[PDB]
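**Student:**
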Amino acid sequence: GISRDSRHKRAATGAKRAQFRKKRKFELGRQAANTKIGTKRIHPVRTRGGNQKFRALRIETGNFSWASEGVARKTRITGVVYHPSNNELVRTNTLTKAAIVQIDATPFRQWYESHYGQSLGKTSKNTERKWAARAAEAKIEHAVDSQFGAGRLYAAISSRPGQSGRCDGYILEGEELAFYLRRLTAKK
Amino acid sequence: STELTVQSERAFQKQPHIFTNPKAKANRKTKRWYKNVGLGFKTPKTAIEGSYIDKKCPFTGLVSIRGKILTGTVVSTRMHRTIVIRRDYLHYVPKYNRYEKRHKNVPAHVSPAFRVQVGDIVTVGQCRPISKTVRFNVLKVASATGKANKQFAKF
Amino acid sequence: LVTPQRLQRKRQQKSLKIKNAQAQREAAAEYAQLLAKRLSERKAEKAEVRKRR
Amino acid sequence: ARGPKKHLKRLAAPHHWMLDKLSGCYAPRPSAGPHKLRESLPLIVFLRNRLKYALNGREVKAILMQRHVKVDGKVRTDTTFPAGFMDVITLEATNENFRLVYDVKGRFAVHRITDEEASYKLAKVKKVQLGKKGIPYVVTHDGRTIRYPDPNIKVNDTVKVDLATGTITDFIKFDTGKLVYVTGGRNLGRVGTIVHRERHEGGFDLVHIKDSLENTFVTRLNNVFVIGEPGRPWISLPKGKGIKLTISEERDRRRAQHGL
RNA sequence: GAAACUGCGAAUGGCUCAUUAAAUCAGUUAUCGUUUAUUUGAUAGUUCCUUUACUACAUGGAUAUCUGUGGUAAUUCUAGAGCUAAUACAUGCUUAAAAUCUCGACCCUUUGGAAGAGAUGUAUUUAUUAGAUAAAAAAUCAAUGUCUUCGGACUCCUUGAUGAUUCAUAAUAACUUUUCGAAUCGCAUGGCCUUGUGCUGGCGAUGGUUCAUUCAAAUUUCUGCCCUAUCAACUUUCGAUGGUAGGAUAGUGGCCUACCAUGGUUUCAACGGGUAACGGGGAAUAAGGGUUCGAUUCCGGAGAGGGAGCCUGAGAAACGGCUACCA
RNA sequence: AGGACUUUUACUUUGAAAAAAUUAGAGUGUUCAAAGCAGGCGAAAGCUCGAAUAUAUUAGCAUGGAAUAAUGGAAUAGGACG
Ligand SMILES: [Mg+2]
Ligand SMILES: [Mg+2]
Ligand SMILES: [Mg+2]
Ligand SMILES: [Mg+2]
Ligand SMILES: [Mg+2]
Ligand SMILES: [Mg+2]
Ligand SMILES: [Mg+2]
Ligand SMILES: [Mg+2]
Ligand SMILES: [Mg+2]
Ligand SMILES: [Mg+2]
Ligand SMILES: [Mg+2]
Ligand SMILES: [Mg+2]
Ligand SMILES: [Mg+2]
Ligand SMILES: [Mg+2]
Ligand SMILES: [Mg+2]
Ligand SMILES: [Mg+2]
Ligand SMILES: [Mg+2]
Ligand SMILES: [Mg+2]
Ligand SMILES: [Mg+2]
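Residue numbers (the UniProt record's numbering), protein chains in the order written: chain G, 2 to 123, 136 to 201; chain Z, 2 to 156; chain H, 178 to 230; chain C, 2 to 261.
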């Protein structure tokens with residue numbers, strides 16, 4: 002019943018448009034997903050022209066990508082720490098797009114260990142030669158090592174759990190992280 | 002009317018899906034994406050090397066220019082990130098064989114790459130519905146001043 | 178129930194799938210050879226342009 | 002209206018089907034198919050009206066059902082099939098073959114055309130795209146999606162479908178000085194040569210056309226269909242070859258060619 | 001061949017002009033801003049997951065129709081029992097090769113180079129990359145690749161479309177309460193002889209993923225509306241104008257939310273009021289200019305007593321579809 | 001067929017467009033006409049011409065013209081060329 006048509010809005014001038022053509026079905030708007038954390042519970046909604054949509058309320062784990070070396074891993078979302086739209090969602094732990102969350106960060110950790118093996122937080138000859146050819150190029154920046162020692166990664170979700178049903182995003186990295194940590198220090 | 006900070010608001014401002022690799026040691030300013038709107042319209046160098054973001058930029062944003070191309074005169078440059086253009090014309094009343102001066106107010110969205118002010122004639126182009134009322138993106142400031150190119154008088 | 182007509186239909190479906198796959202791969206190979214021929218021709222033209230200029 | 006519309010009132014039918022404004026409240030709405038209904042021609046109209054082989058709807062239904070009509074080598078047993086421009090209608094009885102080309106008055110004229118050339122069809126290229134797994138394909142005006150075309154076949158071009166296998170036989174490249182047909186507007190049925198194609202940056206290409214009688218006009222590029230090289234059309238042009246004789250010239254033709 | 005299940009239409013058509021004055025509508029654009037049953041043209045080997053033990057010569061259970069027992073005063077009211085089917089509901093099998101990615105039982109001193117092992121169809125979601133291209137030569141440093149007829153040469157690099165794109169498409173990493181990839185029907189039942197129910201085998205009908213095309217549907221640019229100032233300022237705390245992010249949308253969009261900015265229209269008549277106003281194609285009238293009408297044979301829009309709300313579908317805020325209030 | 005700069009209009013010619021029905025109007029003995037898109041001609045042995053055109057005066061698109069009407073250049077030269 003929630004319409005999104007322009008008739009109920011006043012005109013650009015400001016006149017109050019008279020009621021006309023009681024609102025249709027191709028103008029409908031559905032309830033917000035306002036997703037939460039834990040006990041995966043995705044509800045299908047049959048939208049216009051089939052095309053099953055998936056509400057992703059109560060979602061706990063999802064895929065997350067690392068842009069620098071470009072590797073994606075399934076990992077757990079552990080709470081939301083910042084939201085650019087409303088801090089009310091942060092207090093209620095409501096998870097929507099562009100929200101900033103914390104990551105269990107283990108899968109990235111032993112992927113790094115089996116990939117470079119630099120022992121963050123503090136063999137076959139083929140792997141040794143791969144590492145030698147690598148020649149310590151893994152000079153990834155300092156803040157990501159800081160929260161690796163902390164153990165929880167700072168990520169920004171990029172998927173839309175309200176529509177897609179997934180919980181995908183990417184880790185804050187580079188000046189990105191910089192910006193947001195300032196904001197977090199504003200919160201701190 | 003433009004903030005000194007390249008991002009001023011709470012949300013971060015990035016061009017979506019263009020990524021600068023921090024692990025790389027090239028250390029250029031950033032990776033700024035851009036395009037030319039065509040129609041033989043020159044992308045401004047202020048947009049070419051600029052640092053603004055402007056999601057709805059015809060040159061750097063996702064919006065595309067297609068359809069009507071309207072030339073008008075600026076009547077209000079003094080609301081944020083958007084312009085109000087006065088388009089004048091003559092409606093032909095045929096019962097008298099006489100014309101009638103008329104005007105319309107077209108809202109549009111001027112990119113920060115352009116420096117607009119009250120009185121500049123502007124070429125603007127059609128695009129997607131950007132807001133409730135703006136449907137055009139400013140594409141050229143033809144008359145930057147018009148009669149204010151020369152200001153002082155020192156012989 | 179198992180009927181020789183049903184087995185005939187199953188065999189027809191399988192054979193049609195295999196034959197369509199073979200035809201598609203043959204068409205892909207022919208298009209690749211045509212692209213190679215065209216590329217060789219225009220590369221020879223480019224070499225002649227470079228030599229003449 | 003809430004949903005699609007499935008009725009075509011008689012006055013709302015195109016004036017090229019040119020039915021009788023009386024003797025019926027409705028007109029045959031062409032079913033969805035290879036051509037726009039405004040541009041297409043239902044089989045019932047082509048048989049009952051144009052050919053008069055039938056008398057009414059039941060007769061057309063009986064004709065189509067027993068598989069005597071063959072549109073482009075396929076049966077098409079539905080009454081309101083949109084047999085559009087350049088399609089081939091084959092009747093094994095009377096062993097006759099028709100190709101739909103506009104007569105210069107601008108109408109789907111009955112064009113009796115030979116069996117040997119009826120094996121193939123011509124088509125305009127409306128799109129050239131790259132489908133999944135990187136396979137190039139070409140979309141013609143019929144909606145035929147021909148896979149693996151010639152690498153230098155471009156949009157607005159013309160091509161020669163063999164109509165049996167449905168693949169690419171030959172093609173003609175759109176450029177100046179080329180025999181051409183017109184498929185819309187005031188210049189329906191006209192045939193000429195492309196003199197110039199003004200680009201018009203931003204949309205709605207236009208082309209200038211000069212016919213054999215040395216008359217000149219201009220038409221939109223969407224409205225244009227290259228048909229061959231001057232003096233060598235790739236099809237059999239209808240009677241009159243679309244010169245668009247003046248009304249006074251038509252009167253002179255009526256007066257001169259006259260025997261009773 | 002009744003009945004019933006299944007499938008499809010029932011959203012077309014027909015009627016009326018009540019609401020509606022930049023609203024509808026007309027002409028003209030746009031969708032590089034989206035959904036699209038159907039029709040038409042194409043479209044997929046991988047469903048194996050360690051393949052040295054499986055139904056693929058066919059997997060399971062209900063369920064209407066029906067047989068019988070009722071209830072109510074009655075309604076296209078149906079509860080209990082007993083069987084029974086599918087293109088209904090559920091599962092699920094083959095099945096190649098190839099190439100590309102990843103991980104190594106070793107050796108032999110570099111140009112290191114190799115036994116071998118797992119994944120890769122499509123669909124979805126997210127990150128990243130390619131998607132080029134104005135034109136002749138260099139030196140150098142590093143990295144370090146081919147061949148070396150051991151001087152060193154590197155000569156060869158593939159790239160579609162529009163006016164424009166983050167487009168089409170391809171590639172890597174992953175993701176999925178894992179979509180599809182024919183356990184379906186008719187006719188004719190030919191050929192091979194491995195002469196058996198063996199091997200194959202034609203014409204169709206329904207389905208079926210994706211991409212097109214068509215019928216469209218939604219929005220959408222410019223301009224155009226009758227009378228009235230005894231309607232001059234109107235709109236914004238409750239969105240009014242704009243910004244950003246999110247939600248919702250099929251999709252753009254204050255369409256909604258959160259936080260900001262204080263904006264937008266107006267003497268070129270905004271806003272308000274009236275219309276015994278649906279808009280138009282057109283009708284009457286006719287020197288020319290015009291005046292009046294247009295509820296109605298065509299195109300659009302809206303409505304089914306007034307209001308709201310919604311299931312099914314591709315398409316309804318349907319009303320010869322339901323839910324509730326008011327009359 | 002490509003880079004390059006484009007003073008901008010108002011005006012006017014031409015064209016593409018302005019759905020059919022309606023208006024105009026061509027052909028045609030519906031027995032005439034209102035109408036309709038029919039029909040006509042063979043020897044009677046299948047052969048046929050049709051279903052013409054114009055206008056819409058606004059808005060948009062293209063195009064040729066440069067009088068009439070308006071705006072803009074170079075005055076601090078920050079002007080034009082090599
Ligand atoms: Mg209707
Ligand atoms: Mg009013
Ligand atoms: Mg890229
Ligand atoms: Mg893409
Ligand atoms: Mg938004
Ligand atoms: Mg009324
Ligand atoms: Mg009316
Ligand atoms: Mg009226
Ligand atoms: Mg009334
Ligand atoms: Mg109507
Ligand atoms: Mg209704
Ligand atoms: Mg009543
Ligand atoms: Mg249906
Ligand atoms: Mg209703
Ligand atoms: Mg009724
Ligand atoms: Mg009804
Ligand atoms: Mg009902
Ligand atoms: Mg008309
Ligand atoms: Mg008359």
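For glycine and all other residues, C-beta sits at the position ideal for the given N, C-alpha and C.
#1: Tell me the rounded alpha-carbon separation between residue 130 (chain G) and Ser4 (chain G).
#2: With C-beta atoms as the reference, is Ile244 (chain C) less than 9 Å away from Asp212 (chain C)?
#3: Mind checking if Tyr193 (chain G) is an interface residue toward chain Z, Cβ cutoff 9 Å exclusive?
#4: Tell me which residue opens and which closes the alpha helix (DSSP H) that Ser159 (chain G) is part of.
#5: Using a cut-off of 9 Å between C-beta atoms, extract the partners of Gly80 (chain G) located in chain Z.
#6: Sort out for me which residues DSSP pairs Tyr53 (chain Z) with in a bridge.
#7: Leaving out five residues before and five after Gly118 (chain G) in sequence, what residues of the same chain have Cβ atoms less than 8 Å from its Cβ?
#8: Alpha carbon to alpha carbon, how far is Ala163 (chain G) from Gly122 (chain G)?
#9: Nearest to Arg129 (chain Z) by CA position, among Z:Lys46, Z:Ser52, Z:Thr3 and Z:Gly62, is which residue?
#10: DSSP has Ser66 (chain G) in a bridge; who is on the other side?
#11: How far does the alpha helix (DSSP H) with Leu238 (chain C) in it extend, from its first residue to its last?
#12: Among the residues of its own chain, which have a CB less than 6 Å from the CB of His92 (chain Z), if the five just before and after it don't count?
#13: Among residues of its own chain, excluding the 5 on either side of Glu225 (chain H), which ones have a beta-carbon nearer than 7 Å to its beta-carbon?
#14: Assuming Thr74 (chain Z) is part of the beta strand (DSSP E), what are its boundary residues?
#15: Check whether the Cβ of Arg148 (chain C) lies closer than 9 Å to any Cβ atom in chain H.
#16: Please state the DSSP three-state secondary structure of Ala165 (chain C).
#17: Count the other CB atoms within 10 Å of the CB of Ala114 (chain Z); is the residue buried (16 or more) or exposed (fewer)?
#18: Using DSSP with H/G/I as helix, E/B as strand and the rest coil, what is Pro181 (chain H)?
#19: Taking any Cβ of chain G, which residues in the stretch 125 to 139 of chain Z have a Cβ under 8 Å from it, in chain order?
#20: Is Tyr35 (chain Z) helix, strand or coil by DSSP?
#21: Listed in chain order, which residues of the stretch 82 to 107 of chain G have Cβ atoms closer than 8 Å to some Cβ of chain Z?
#22: Count the other CB atoms, across all protein chains shown, that sit within 10 Å of the CB of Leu211 (chain H); report buried if there are 16 or more and exposed otherwise.
#23: When you compare only the Cα positions, how much space is there between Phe172 (chain C) and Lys161 (chain C)?
#24: Under DSSP, the beta strand (DSSP E) around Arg5 (chain G) begins and ends at which residues?
#25: Can the beta-carbon of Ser159 (chain G) be found closer than 9 Å to that of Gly63 (chain G)?
#26: Please report the straight-line C-alpha distance between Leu96 (chain G) and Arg196 (chain G), rounded to a whole angstrom.
#27: Is the distance from the Cβ of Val139 (chain C) to the Cβ of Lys128 (chain C) below 9 Å?
#28: Suppose you measure from the CA of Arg187 (chain C) to the CA of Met87 (chain C); what does that come to, to the nearest Å?
#29: Could you give the DSSP three-state label for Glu230 (chain C): helix, strand or coil?
#30: At a Cβ cut of 8 Å, what residues of the stretch 17 to 41 of chain Z count as close to chain G, listed as they run along the chain?
#31: Just by C-beta distance, which residues in the stretch 183 to 204 of chain C are closer than 7 Å to chain Z?
#32: Return no unless some Cβ of chain G is closer than 9 Å to the Cβ of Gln8 (chain Z).
#33: Buried or exposed: which applies to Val179 (chain H), given that a residue is buried once 16 or more other Cβ atoms fall within 10 Å of its Cβ?
#34: Hey, does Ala146 (chain G) have any beta-carbon neighbour from chain Z nearer than 9 Å?
#35: Does the beta-carbon distance from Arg29 (chain Z) to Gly51 (chain Z) come in below 9 Å?
#36: Going by beta carbon distance, what residues of the same chain come within less than 8 Å of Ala145 (chain Z), once the five residues before and after it are set aside?
**Tutor:** With the given structure in hand:
#1: Because residue 130 (chain G) lies between 123 and 136, and chain G jumps straight from the first to the second, it has no atoms in this structure.
#2: yes
#3: yes
#4: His155 to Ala163
#5: Correct list: empty, because the minimum Cβ distance to chain Z is about 19 Å.
#6: Answer is none; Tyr53 (chain Z) lacks a bridge partner.
#7: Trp144
#8: 8 Å
#9: Z:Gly62
#10: G:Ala73 and G:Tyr183
#11: Segment: none, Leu238 (chain C) is in no alpha helix (DSSP H) and carries neither H nor E.
#12: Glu101 and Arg103
#13: none
#14: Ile70 to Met80
#15: yes
#16: coil
#17: buried
#18: helix
#19: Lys133 and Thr134
#20: coil
#21: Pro85, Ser86 and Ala99
#22: exposed
#23: 6 Å
#24: Per DSSP, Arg5 (chain G) belongs to no beta strand (DSSP E) and is neither H nor E.
#25: no
#26: 19 Å
#27: yes
#28: 19 Å
#29: strand
#30: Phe20, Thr21, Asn22, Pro23 and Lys24
#31: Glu202 and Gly203
#32: yes
#33: exposed
#34: no
#35: no
#36: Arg116 and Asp121
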